[PDB]
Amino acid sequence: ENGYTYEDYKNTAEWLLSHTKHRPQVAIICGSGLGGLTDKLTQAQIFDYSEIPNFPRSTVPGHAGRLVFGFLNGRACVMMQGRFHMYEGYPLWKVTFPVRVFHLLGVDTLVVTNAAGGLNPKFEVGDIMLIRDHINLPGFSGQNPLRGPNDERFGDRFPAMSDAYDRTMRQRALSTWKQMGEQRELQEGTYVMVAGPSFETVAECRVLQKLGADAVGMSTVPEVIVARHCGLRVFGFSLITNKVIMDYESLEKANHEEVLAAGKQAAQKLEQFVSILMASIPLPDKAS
């Protein structure tokens, strides 16, 4: 939590607000290859992290990392193209800083997307997995973005996470997928967050799946945790980029280079699905 003071977040939200006529309701954190979602915004207004007052800049990828305000399928959004990861060096209170400010911007929902490895055998690369749960490996050890002294202005000391991924939004999504006439089913599973940048060995791959994880990635979990601490409605997707877990013959490993496809149709389909799902995010106007 530390590093930043409540006023820090307030000065950043206040600056954004005074700089964009936009008042975001939905915050979207695009995983790798999912940045083109920003292409769908109307009335887009871009802010390079760089420009925003206390916003962590990108460790190299700034030339990808930006904040885009606009409208997506009826919702006022703010998208984070190029999220921060623990592995780049950002302590978790920098990684999740955007979230805390989105909260002060007025954002009430956060849709997190990521590129993950398929641990569930059922999964196929290209698959989209609705996140129904997560295992926060960094959090178990101390790397919980909430670590440090708690600010009741954002939330409780011990926020529950057993209900992090909105059930309703997960039902809607599933329904949206069905009604889309999408044949291949919307997969659902537990995302296990792993830190380090290096990729998993077959042995680690096996602990991850025996732990009950369906997809492994290096992000999402921190942002979710602080979003939920904030009280935001959270739900997200995982784009399965590679498959993992076998030393029967572990030579080629379909290594994430499938990021070429992240600049392809699967990514595109997730972006579309996410865009259609805006219609399922309750308007703050009671929309009932």
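Here, rigid core means the biggest group of C-alpha atoms that superpose within 1.5 Å across both forms. Residue numbers run from 1 along the displayed sequence.
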{"property": "Between 263-271 and 11-19, the one whose CA atoms sit farther away in 4 other deposited structures of this protein (rigid core aligned)", "result": "263-271"}
{"property": "Greater Cα displacement in 4 other deposited structures of this protein once the core is superposed, comparing 193-201 with 177-185", "result": "177-185"}
{"property": "Higher-scoring stretch by recorded Cα B factor average, 261-269 or 8-16", "result": "261-269"}
{"property": "23-31 or 48-56, whichever carries the higher mean Cα B-factor", "result": "48-56"}
{"property": "Largest Cα B-factor, entry values, listed residues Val192, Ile131, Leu92, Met180", "result": "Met180"}
{"property": "C-alpha B-factor winner, where the candidates are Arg170, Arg100, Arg147, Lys122", "result": "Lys122"}
{"property": "Record-listed C-alpha B factor of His63: chain third", "result": "highest"}
{"property": "Within-chain third of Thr241 by Cα B-factor, per the entry", "result": "middle"}
{"property": "Record-listed C-alpha B factor of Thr42: chain third", "result": "middle"}
{"property": "Assigned third (lowest, middle, highest) for the C-alpha B factor of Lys253", "result": "highest"}
{"property": "Among modelled residues of the same chain, the CA temperature factor third for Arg206", "result": "middle"}
